[PDB]
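Have a look below at one chain only, the form solved without its partner chain, in structure tokens format.
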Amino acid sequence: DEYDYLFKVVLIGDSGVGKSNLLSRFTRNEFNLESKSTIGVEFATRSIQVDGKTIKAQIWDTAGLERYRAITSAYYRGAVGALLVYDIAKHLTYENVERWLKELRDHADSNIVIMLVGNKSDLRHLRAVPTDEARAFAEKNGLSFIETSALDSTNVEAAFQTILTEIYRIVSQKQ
């Protein structure tokens, strides 16, 4: 039969933070160290089940580069979920998080669920962003927060199922 819900979730963030690999690890449990730049958008999907209700998660990995930026702003439309991904080894990607927040609040819904993701946690010795600071920033702006690693699959499904169940909670409570 039919799904109970079709959740639209977009992956946004600076180019190179590891969105495509987070997506590939969540949907196909695969990883590639030599992943090339995403051209426009990449589509993956996964059906989860929450509270007896079936929910198909349509996930769109958007391109971090400006080249396809406008095209990535058309996938903000109708999106109930958004993962703002940065790199813990590159501080600049953490700096642009606010900009991604602004753009997300410019081209998407105001009631969208935002999950702050700090990818590449396996690179312990290359860390440029402390967890406490990022958590503080996430809590200060009413965002979810989690540090992931697509390489060793740490907190990937945790992040996705977290934002998905949160979305389901928000949808159900408003009904």
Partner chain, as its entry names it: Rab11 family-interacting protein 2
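Residue numbers count along the first chain shown, from 1. For the two forms, the rigid core is made up of the largest set of C-alpha atoms that agree within 1.5 Å on superposition.
Although not depicted, the form deposited with its partner chain bound is the subject of the following passage.
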Close approach of residue 39 to its partner chain in the deposited complex, 4.5 Å, heavy atom: yes
Any chance residue 145 has a heavy atom within 4.5 Å of its partner chain in the deposited complex? no
Non-hydrogen atom contact residue 44 with its partner chain in the deposited complex at 4.5 angstroms: yes
Does any heavy atom of residue 99 come within 4.5 Å of a heavy atom of its partner chain in the deposited complex? no
Checked 66-101 against its partner chain in the deposited complex; residues with a heavy atom within 4.5 Å, sequence order, are 67, 69, 70, 71, 74, 75, 77
For the core superposition between this form and the one not shown, please identify the residue among 31, 68, 145, 60 whose CA shift reaches 2 Å or more. 68
Since the Cα separation of residue 142 and residue 66 moves by 3 Å or more in the deposited complex, tell me which way: closer or farther than here. closer
Did residue 69 and residue 92 drift closer or farther in the deposited complex, going by a CA distance change of 3 angstroms or more? farther
